[PDB]
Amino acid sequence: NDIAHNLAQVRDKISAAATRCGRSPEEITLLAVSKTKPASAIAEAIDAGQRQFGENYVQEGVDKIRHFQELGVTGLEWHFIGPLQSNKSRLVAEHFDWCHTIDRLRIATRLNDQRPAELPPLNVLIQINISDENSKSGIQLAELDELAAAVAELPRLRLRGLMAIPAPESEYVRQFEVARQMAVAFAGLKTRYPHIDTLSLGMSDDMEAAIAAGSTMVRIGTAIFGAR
């Protein structure tokens, strides 16, 4: 693999997908999903221009984070995008800049209470289980309003929007409709809540549908770093 080459290609596809549907490419944030890839591979991405990285497992994330802190690398943004058990919340709160997987209030409160006061608030997204009946992550859409309100008062967090890991679909129509469900909910949150600007939605194979539907952040793993 040439990570630098993949980055530019993915970025071209992102830019193509945004322009094709009348969006500025500036609206879509590329989040490089570096789970199960060595810090050397992240380094190749960092050198090529990538600054935003997503990790699914806490210790693996912190190692990579501590590592690039020691090298002195600036302007990085680390998103934790895997499920978050209670006993591993302290590590996420101390080292990450974003968490995409808030799906119950006890975990949000722990993250709030373990977040060092010198750090800016942890940017958090509420995860919706929009279409996956084999998953236990994410709330139902009916729960969004209540959970968003509870989480919105936590002063060491900053509620920024919604995330969803849709059940896998092959039909492009279903990818788009499911993503549109999320964008509608995102839209509705934004009419009421301050600084709702992030809809984390779309991976390597449903990128186009997700961007057409209104996603602001795609989470690309395979098309950048190869397979896992």
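The numbering used is simple: start at 1 and walk along the sequence shown.
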| property | result |
| --- | --- |
| Which of 72-80 and 137-145 has higher mean CA B factor, as the PDB entry lists it | 72-80 |
| Of 112-120 and 151-159, the one with larger mean CA B-factor | 112-120 |
| Candidate set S170, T198, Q52, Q181 [ranked by C-alpha B-factor, highest] | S170 |
| Ranked against its chain, the third holding the CA B-factor of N129 | lowest |
| Chain-wide C-alpha B factor ranking for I211, given as lowest, middle or highest third | middle |
| For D103, the third of its chain into which the C-alpha B factor falls | lowest |
| Relative C-alpha B-factor of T29, binned into the chain's lowest, middle or highest third | lowest |
| Among modelled residues of the same chain, the CA temperature factor third for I14 | lowest |
